[PDB]
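Reproduced below: run12.csv, with CSV, C-alpha atoms.
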chain,number,residue,atom,x,y,z
X,187,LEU,CA,24.9,99.8,-39.1
X,188,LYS,CA,28.5,99.1,-40.5
X,189,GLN,CA,31.1,101.7,-39.2
X,190,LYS,CA,34.6,102.7,-40.3
X,191,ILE,CA,36.4,104.8,-37.7
X,192,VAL,CA,40.0,106.3,-38.1
X,193,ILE,CA,41.9,107.5,-35.0
X,194,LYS,CA,45.3,109.2,-35.0
X,195,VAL,CA,47.2,108.1,-31.8
X,196,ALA,CA,50.7,109.3,-30.5
X,197,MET,CA,52.8,106.1,-30.7
X,199,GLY,CA,57.8,105.4,-28.3
X,200,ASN,CA,58.0,101.6,-28.1
X,201,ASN,CA,55.2,98.9,-27.6
X,202,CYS,CA,52.7,101.8,-28.1
X,203,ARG,CA,51.4,100.2,-31.3
X,204,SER,CA,51.1,96.8,-29.5
X,205,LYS,CA,49.2,98.5,-26.6
X,206,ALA,CA,46.8,100.6,-28.7
X,207,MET,CA,46.1,97.7,-31.2
X,208,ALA,CA,45.3,95.4,-28.2
X,209,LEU,CA,42.9,98.0,-26.7
X,210,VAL,CA,41.0,98.8,-30.0
X,211,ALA,CA,41.0,95.1,-31.1
X,212,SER,CA,39.3,94.1,-27.7
X,213,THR,CA,36.7,97.1,-27.8
X,214,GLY,CA,33.0,96.0,-28.1
X,215,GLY,CA,31.7,95.7,-31.8
X,216,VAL,CA,35.2,95.8,-33.3
X,217,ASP,CA,35.7,93.3,-36.3
X,218,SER,CA,39.0,94.7,-37.7
X,219,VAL,CA,42.0,97.0,-36.7
X,220,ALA,CA,44.6,98.2,-39.3
X,221,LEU,CA,47.5,100.6,-38.9
X,222,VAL,CA,47.5,103.0,-41.9
X,223,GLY,CA,49.6,106.0,-43.0
X,224,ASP,CA,53.3,105.9,-43.9
X,225,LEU,CA,54.1,106.1,-40.1
X,226,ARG,CA,51.4,103.6,-39.2
X,227,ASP,CA,50.1,106.2,-36.6
X,228,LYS,CA,46.4,106.0,-37.6
X,229,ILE,CA,44.1,103.1,-36.6
X,230,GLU,CA,41.3,102.1,-39.0
X,231,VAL,CA,38.5,100.4,-37.0
X,232,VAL,CA,35.6,98.6,-38.7
X,233,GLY,CA,32.7,97.0,-37.0
X,234,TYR,CA,29.0,97.4,-35.8
X,235,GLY,CA,27.8,99.2,-32.6
X,236,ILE,CA,31.3,100.7,-31.8
X,237,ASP,CA,31.1,103.6,-29.4
X,238,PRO,CA,33.7,106.1,-30.8
X,239,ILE,CA,33.5,108.4,-27.7
X,240,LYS,CA,34.4,105.6,-25.2
X,241,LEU,CA,37.1,104.3,-27.7
X,242,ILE,CA,38.7,107.8,-27.7
X,243,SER,CA,38.5,108.1,-23.8
X,244,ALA,CA,40.2,104.7,-23.3
X,245,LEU,CA,43.0,105.5,-25.9
X,246,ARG,CA,43.6,108.9,-24.3
X,247,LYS,CA,43.7,107.5,-20.7
X,248,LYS,CA,45.8,104.4,-21.6
X,249,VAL,CA,48.0,105.2,-24.7
X,250,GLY,CA,48.3,109.0,-25.4
X,251,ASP,CA,46.8,111.8,-27.6
X,252,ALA,CA,44.1,110.4,-29.9
X,253,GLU,CA,42.2,112.4,-32.6
X,254,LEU,CA,39.0,111.2,-34.4
X,255,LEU,CA,39.9,111.7,-38.1
X,256,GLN,CA,37.0,109.8,-39.7
X,257,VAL,CA,33.6,108.3,-38.7
X,258,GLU,CA,31.6,106.8,-41.7
X,259,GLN,CA,28.3,104.7,-41.9
F,187,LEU,CA,58.3,91.2,-46.5
F,188,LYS,CA,54.7,91.0,-45.1
F,189,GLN,CA,52.7,87.7,-44.6
F,190,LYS,CA,49.0,86.9,-44.2
F,191,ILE,CA,48.1,84.2,-41.6
F,192,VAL,CA,44.5,82.8,-41.1
F,193,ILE,CA,43.7,81.0,-37.8
F,194,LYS,CA,40.6,79.1,-36.9
F,195,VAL,CA,39.9,79.8,-33.2
F,196,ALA,CA,37.1,78.3,-31.0
F,197,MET,CA,35.8,81.7,-29.4
F,201,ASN,CA,34.3,87.2,-24.5
F,202,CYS,CA,36.9,85.0,-26.2
F,203,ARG,CA,36.7,86.9,-29.6
F,204,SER,CA,37.8,90.1,-27.7
F,205,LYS,CA,40.5,88.1,-25.9
F,206,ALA,CA,41.8,86.4,-29.1
F,207,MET,CA,41.8,89.7,-31.1
F,208,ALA,CA,43.6,91.5,-28.2
F,209,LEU,CA,46.3,88.8,-28.0
F,210,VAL,CA,46.9,88.6,-31.9
F,211,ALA,CA,46.8,92.5,-32.2
F,212,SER,CA,49.5,92.9,-29.4
F,213,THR,CA,52.0,90.7,-31.4
F,214,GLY,CA,55.2,92.5,-32.6
F,215,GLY,CA,55.0,93.4,-36.3
F,216,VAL,CA,51.2,93.3,-36.8
F,217,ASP,CA,49.7,95.6,-39.5
F,218,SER,CA,46.1,94.4,-39.2
F,219,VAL,CA,43.8,91.8,-37.4
F,220,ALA,CA,40.3,90.9,-38.6
F,221,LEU,CA,37.5,88.5,-37.4
F,222,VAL,CA,36.5,86.9,-40.8
F,223,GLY,CA,34.0,84.1,-41.7
F,224,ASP,CA,30.2,84.5,-41.2
F,225,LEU,CA,30.5,83.0,-37.6
F,226,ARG,CA,33.5,85.4,-36.9
F,227,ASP,CA,35.4,82.1,-36.0
F,228,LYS,CA,38.7,83.0,-37.8
F,229,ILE,CA,41.4,85.7,-37.3
F,230,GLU,CA,43.3,87.0,-40.3
F,231,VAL,CA,46.6,88.7,-39.3
F,232,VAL,CA,48.9,90.7,-41.6
F,233,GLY,CA,52.4,91.9,-40.7
F,234,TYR,CA,56.2,91.4,-40.5
F,235,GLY,CA,58.3,88.9,-38.5
F,236,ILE,CA,55.1,87.1,-37.0
F,237,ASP,CA,56.0,83.5,-36.1
F,238,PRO,CA,52.8,81.5,-36.7
F,239,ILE,CA,54.0,78.6,-34.4
F,240,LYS,CA,54.5,81.1,-31.5
F,241,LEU,CA,51.2,82.8,-32.2
F,242,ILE,CA,49.3,79.4,-32.2
F,243,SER,CA,51.0,78.5,-28.9
F,244,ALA,CA,49.9,81.8,-27.3
F,245,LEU,CA,46.3,81.4,-28.5
F,246,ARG,CA,46.0,77.8,-27.2
F,247,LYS,CA,47.4,78.8,-23.8
F,248,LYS,CA,45.2,82.0,-23.5
F,249,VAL,CA,42.0,81.4,-25.5
F,250,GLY,CA,41.5,77.7,-26.5
F,251,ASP,CA,41.7,75.4,-29.6
F,252,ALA,CA,43.4,77.2,-32.6
F,253,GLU,CA,44.5,75.8,-35.9
F,254,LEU,CA,46.6,77.5,-38.7
F,255,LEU,CA,44.5,77.5,-42.0
F,256,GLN,CA,46.4,79.7,-44.5
F,257,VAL,CA,49.9,81.3,-44.7
F,258,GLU,CA,50.6,83.5,-47.8
F,259,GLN,CA,53.4,86.0,-48.5
F,260,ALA,CA,52.1,89.5,-49.6
F,261,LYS,CA,52.5,89.7,-53.5
F,262,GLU,CA,53.9,93.3,-53.5
V,33,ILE,CA,30.9,71.9,-57.8
V,34,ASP,CA,29.9,75.2,-59.5
V,35,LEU,CA,31.9,78.2,-58.2
V,36,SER,CA,29.7,80.6,-60.2
V,37,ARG,CA,27.0,79.4,-57.7
V,38,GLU,CA,28.9,79.8,-54.3
V,39,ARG,CA,28.2,82.6,-51.7
V,40,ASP,CA,31.1,85.1,-51.7
V,41,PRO,CA,33.7,84.4,-48.9
V,42,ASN,CA,33.5,86.9,-46.0
V,43,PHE,CA,36.8,88.8,-46.3
V,44,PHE,CA,38.9,91.8,-45.1
V,45,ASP,CA,41.5,93.3,-47.4
V,46,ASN,CA,44.5,94.6,-45.4
V,47,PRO,CA,44.9,98.2,-46.6
V,48,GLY,CA,48.8,98.2,-46.5
V,49,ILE,CA,49.3,95.4,-49.1
V,50,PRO,CA,47.8,94.9,-52.6
V,51,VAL,CA,44.2,93.4,-52.7
V,52,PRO,CA,44.3,89.6,-53.5
V,53,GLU,CA,42.6,88.9,-56.9
V,54,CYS,CA,41.1,85.4,-56.0
V,55,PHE,CA,38.4,83.9,-53.9
V,56,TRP,CA,39.1,80.2,-52.8
V,57,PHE,CA,36.7,77.5,-51.6
V,58,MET,CA,37.8,74.3,-49.8
V,59,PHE,CA,35.6,71.1,-50.0
V,60,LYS,CA,35.6,67.7,-48.4
V,61,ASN,CA,33.4,65.2,-50.4
V,62,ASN,CA,31.7,68.2,-52.4
V,63,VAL,CA,30.8,69.9,-49.0
V,64,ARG,CA,32.2,73.4,-48.4
V,65,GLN,CA,34.5,73.4,-45.4
V,66,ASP,CA,36.2,76.9,-45.5
V,67,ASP,CA,36.8,79.9,-47.8
V,68,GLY,CA,38.9,83.1,-48.1
V,69,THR,CA,41.1,85.1,-50.5
V,70,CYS,CA,44.5,84.6,-52.2
V,71,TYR,CA,46.8,86.2,-54.8
V,72,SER,CA,46.9,85.4,-58.6
V,73,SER,CA,50.2,84.2,-60.2
V,74,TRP,CA,51.3,83.3,-56.6
V,75,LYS,CA,51.5,80.6,-54.0
V,76,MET,CA,50.2,79.9,-50.4
V,77,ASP,CA,50.3,77.1,-47.8
V,78,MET,CA,46.9,75.8,-46.7
V,79,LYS,CA,45.9,73.2,-44.1
V,80,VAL,CA,43.7,70.8,-46.3
V,81,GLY,CA,42.2,68.2,-44.0
V,82,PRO,CA,45.2,66.6,-42.2
V,83,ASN,CA,47.9,68.0,-44.5
V,84,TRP,CA,49.7,71.2,-45.3
V,85,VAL,CA,49.4,71.7,-49.1
V,86,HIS,CA,51.5,74.1,-51.2
V,87,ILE,CA,48.9,75.6,-53.6
V,88,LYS,CA,50.0,77.6,-56.8
V,89,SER,CA,47.8,80.2,-58.5
V,90,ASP,CA,47.9,81.2,-62.2
V,91,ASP,CA,46.8,84.7,-63.5
V,92,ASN,CA,43.2,83.2,-63.8
V,93,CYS,CA,43.0,82.0,-60.1
V,94,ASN,CA,43.2,78.3,-61.0
V,95,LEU,CA,44.7,76.4,-58.0
V,96,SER,CA,46.9,73.4,-58.4
V,97,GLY,CA,47.9,71.3,-55.3
V,98,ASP,CA,48.4,67.7,-54.2
V,99,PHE,CA,45.1,67.5,-52.2
V,100,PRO,CA,44.5,64.5,-49.9
V,101,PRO,CA,41.6,62.1,-50.9
V,102,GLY,CA,38.1,63.7,-50.8
V,103,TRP,CA,39.4,67.3,-50.6
V,104,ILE,CA,39.8,70.1,-53.1
V,105,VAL,CA,40.5,73.8,-53.1
V,106,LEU,CA,39.1,75.7,-56.1
V,107,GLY,CA,39.9,79.4,-57.0
V,108,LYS,CA,38.2,82.1,-59.1
V,109,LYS,CA,38.7,85.9,-59.7
V,110,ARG,CA,36.8,88.3,-57.4
V,111,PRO,CA,34.4,90.8,-59.0
V,112,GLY,CA,36.1,93.2,-61.4
V,113,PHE,CA,39.6,91.6,-61.2
Representation of the structure as structure tokens:
Amino acid sequence: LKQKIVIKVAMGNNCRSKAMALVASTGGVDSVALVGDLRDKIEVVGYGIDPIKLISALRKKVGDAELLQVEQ
Amino acid sequence: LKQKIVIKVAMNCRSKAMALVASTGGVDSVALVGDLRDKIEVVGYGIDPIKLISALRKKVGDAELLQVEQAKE
Amino acid sequence: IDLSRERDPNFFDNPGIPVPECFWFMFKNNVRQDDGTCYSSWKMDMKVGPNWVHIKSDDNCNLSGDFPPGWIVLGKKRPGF
């Protein structure tokens, strides 16, 4: 049931604020954390998160977004 | 340079509160913590806890600072 | 109060900063109010009932603070720390 998802997003000013708000407010999300030296990957932990819709939203609203990891 | 802040928030209000805290300049992470998911733990740089509490009360509802701790790096 | 006998605090370790070594447990009249994590050999500010209390940690996660009447915050090391 418990999921860890890592997405690389293209983030240009207030892009972190905008991407973090979107992921943070996605259904099933418990935690969001910027990782990597450039803080350009988002680690998402929760239950029942739909990774396909998360990637759609991020691509529509923020920029290029690649699924790097899905773990359960 | 980093600090950890824990906030009790009466809290979809969880999604609203998380979106507000996560949007703050200098945020590294935000997490719903506690068994009731009734607390937000924020880590980052140049986060003013007073300003964050004011934003939460005006947007989401009752909110109280619980813990403020510098990162031991 | 036996801390060896308390459910583990629900936690999230930010991946960008070191992992805090201690669990802490806050009680009003021996009744658990709140819990979380903190660093060893370090310091934090905590809202303890009506008052902000400066709490100091030693290397063993023992917590000293001037707690208001009826309140205490007690620390211990997390598994394998």
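For residue 222 of chain X, the non-local neighbours within 8 Å, defined as residues at least 6 positions apart in the same chain or in other chains and counting all atoms listed in the file, are residues 228, 229 and 230 of chain X; 47 and 48 of chain V.
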Counting all atoms listed in the file, chain V residues within 6 Å of chain F, as a list in words
residues 42, 43, 76, 77, 78 and 79 of chain V
Can you pull out every residue within 12 Å of residue 60 of chain V, counting only C-alpha atoms, but drop anything in the same chain fewer than 6 positions away, and send it as a ChimeraX atom specification?
/V:33,66,80-82,99-106
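Of the residues under consideration (V:34, V:74, V:44, V:51), V:44 shows the shortest atom-to-atom contact distance to chain X when counting only C-alpha atoms.
For the pair atom CA of residue 188 of chain X and atom CA of residue 107 of chain V, the separation is 28.1 Å.
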Kindly determine which residues of chain X lie within 10 Å of chain F, considering only C-alpha atoms, and give the answer as a ChimeraX atom specification.
/X:201-222,226,229-233
Using all atoms listed in the file, which residue out of V:63, V:49, V:35, V:85 lies closest to chain X?
V:49
With N, CA and C atoms as the goal, would you fill in the gaps in segment 201-214 of chain F and present it as a short mmCIF file (atom, residue, chain, number, x, y, z; two decimals), in the frame of the given file?
data_model
loop_
_atom_site.label_atom_id
_atom_site.label_comp_id
_atom_site.auth_asym_id
_atom_site.auth_seq_id
_atom_site.Cartn_x
_atom_site.Cartn_y
_atom_site.Cartn_z
N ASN F 201 34.44 87.35 -23.01
CA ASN F 201 34.30 87.20 -24.50
C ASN F 201 35.60 86.80 -25.11
N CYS F 202 35.65 85.59 -25.67
CA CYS F 202 36.90 85.00 -26.20
C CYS F 202 37.32 85.65 -27.52
N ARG F 203 36.39 86.18 -28.31
CA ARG F 203 36.70 86.90 -29.60
C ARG F 203 37.58 88.10 -29.22
N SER F 204 37.15 88.88 -28.25
CA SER F 204 37.80 90.10 -27.70
C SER F 204 39.18 89.72 -27.17
N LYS F 205 39.25 88.58 -26.50
CA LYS F 205 40.50 88.10 -25.90
C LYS F 205 41.47 87.66 -27.00
N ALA F 206 40.99 86.91 -27.99
CA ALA F 206 41.80 86.40 -29.10
C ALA F 206 42.33 87.57 -29.92
N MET F 207 41.45 88.53 -30.22
CA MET F 207 41.80 89.70 -31.10
C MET F 207 42.87 90.52 -30.33
N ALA F 208 42.72 90.72 -29.02
CA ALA F 208 43.60 91.50 -28.20
C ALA F 208 45.03 90.87 -28.19
N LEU F 209 45.08 89.55 -27.97
CA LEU F 209 46.30 88.80 -28.00
C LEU F 209 46.97 88.89 -29.43
N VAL F 210 46.27 88.55 -30.52
CA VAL F 210 46.90 88.60 -31.90
C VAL F 210 47.34 90.08 -32.13
N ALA F 211 46.53 91.08 -31.79
CA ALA F 211 46.80 92.50 -32.20
C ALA F 211 48.02 93.04 -31.47
N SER F 212 48.34 92.47 -30.30
CA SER F 212 49.50 92.90 -29.40
C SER F 212 50.81 92.29 -29.97
N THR F 213 50.78 91.34 -30.89
CA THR F 213 52.00 90.70 -31.40
C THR F 213 52.87 91.73 -32.12
N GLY F 214 54.18 91.69 -31.89
CA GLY F 214 55.20 92.50 -32.60
C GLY F 214 55.01 92.32 -34.10
#
